[PDB]
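In structure tokens, one chain follows: the form deposited in one PDB entry.
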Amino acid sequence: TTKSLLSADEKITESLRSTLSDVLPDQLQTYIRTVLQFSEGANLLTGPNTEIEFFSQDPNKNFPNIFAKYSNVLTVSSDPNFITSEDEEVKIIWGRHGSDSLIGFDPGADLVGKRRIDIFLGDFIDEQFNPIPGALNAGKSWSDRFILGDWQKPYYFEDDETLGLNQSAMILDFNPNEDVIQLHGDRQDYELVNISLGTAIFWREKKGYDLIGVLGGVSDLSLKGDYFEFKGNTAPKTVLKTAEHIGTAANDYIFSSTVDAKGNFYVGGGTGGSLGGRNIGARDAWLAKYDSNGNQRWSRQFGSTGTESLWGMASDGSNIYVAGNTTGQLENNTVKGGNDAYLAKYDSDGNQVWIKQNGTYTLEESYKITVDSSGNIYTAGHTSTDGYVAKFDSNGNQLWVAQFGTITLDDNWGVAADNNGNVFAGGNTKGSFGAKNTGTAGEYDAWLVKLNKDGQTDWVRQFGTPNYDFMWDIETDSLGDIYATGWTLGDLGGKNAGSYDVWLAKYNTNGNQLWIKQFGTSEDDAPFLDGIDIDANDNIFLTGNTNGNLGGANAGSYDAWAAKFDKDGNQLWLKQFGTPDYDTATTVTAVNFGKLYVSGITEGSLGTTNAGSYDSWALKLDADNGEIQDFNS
């Protein structure tokens, strides 16, 4: 009846207004009210109008620090939400450019009775906010996928006698001509309701209704549309039974890998579940050790009630150093800043020997670590954002920190030591750091820096197209030359095949650019995270994702790929592997006896049946030809 639909509208409005107004800080409420006033839904946010601050001496009172706590801001790439964590009641998940795979909910977390609203911006690209005209990417949009369930269960589902308004998605830029909403089960399990805000997606069974999502500003949709993807209620069929499978009912990620001098292989990343130990809260960091024959020796999980990940790991040959960021307190003499870099040392028996956290209110991210042949440790990251490199000794004493960059945004996506006391860093900049940027609207270029043993700058170099270029990872070869891998939307190493393409750049120790190779399909091709490794014979290995037919026929959605190059940039092989669902590689580690490990993440069943949402996997390849071996061979 009319009065049932009117009651639903009222109860949805009142519930969202209550949750949003109680959870979002006043400064964020004020910004969102002003946008909505330009474009009535300002009435969901009842907080007082508050001056928005950028120049407080207290980083915490500044809009960027407040915004960071309630946001996942992804990249110009086609991203999975690799920073998802159940640490806030309300979160803004912002895909930016690229065909993003957006999740905010962890179906393996204990969320009983908790309020959860995830606000999704599929695109909302930088150029929509930037008033300068004629940007290359002005008015561009991508096919985003909003994940509101999987094969296991619907997300935001309270399964109770209420309308289920305590947990819901809110998607603000859904375009039914382009985007996809992913749901548990099949279309007969849902009802769409026209509401003031746009469209309500209700789960419906005999027992009752539960609000799963609200689609802002869109009406008169159908559950028969191509823009709804239904996952059913059974785990996908297992492929690649040769892989090592790592998964809980929660979101589980491998982000990095390494090897020790005995051939033991290590993996690590973040989990929303109890993977290496009992979950401490939200996402935790984890790592695991395998012997040279594929046998798991131990797993460790550490963290806070906040969010942390292992983003990088490296070995001095016996110990394993791990790095990342935390929103909590990992070191018990540290005053946490809520967004801090950490470094820790594990022994080969899985004892956390020490941990160091940079407790400052300054926002800090750190994705990269390396160890030199003297056993000193280098981390890199960013804190406008500026890059840094930090050097530590094996007892975790800081030897120096180098900070550098431009007046605009610089990020770090690489650190690598040579044999000779020098360290390289690399990353992305909107500015003119080592060259004048050809982008007319602050599109990223790639940069490289060489620091000496004292942390002084030997040189800076910059390369790019006028479009976005994005570096993900760097590594040195045995001669001390520096290699970088990334994606480009332009013609960097050659004519762009379409959309994102892969590049591999080499510089010598003196800063001369030797070559840039580019390869790809007409579709999206990119390395990702820990995307380059170089073995003792100076063979280069690259890894990432593609939604094209890059190494082979595409299995479905994005797949993983791996490639081998020689030190002159000749392609020796390129292999593609995956499931019918979303997959990406995240890391590659060469070992010896011609063995290579590629590891990553998946929404499908890779190695064994999917345990829930994201699972992880590790694949052993033959380095001669890319052929997949049994992990246990």
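Here the rigid core means the biggest group of C-alpha atoms that line up within 1.5 Å when the two forms are laid on top of each other. Numbering starts at 1 and runs along the sequence shown.
Missing here is the form deposited in another entry; even so, the following discussion is about that form.
With the rigid core aligned between the shown form and the other one, the listed residues 477, 88, 260, 331 include just one Cα displaced by at least 2 Å, namely that of 331. Remark: with the core as the superposition reference, the CA shift of residue 568 between the shown form and the other one stays below 2 Å.
Shown in the overlay between the shown form and the other one, fitted on the rigid core, is a CA shift at residue 33 of 2 Å or greater. Put the two forms on the same core and the Cα of residue 580 is off by less than 2 Å between the shown form and the other one.
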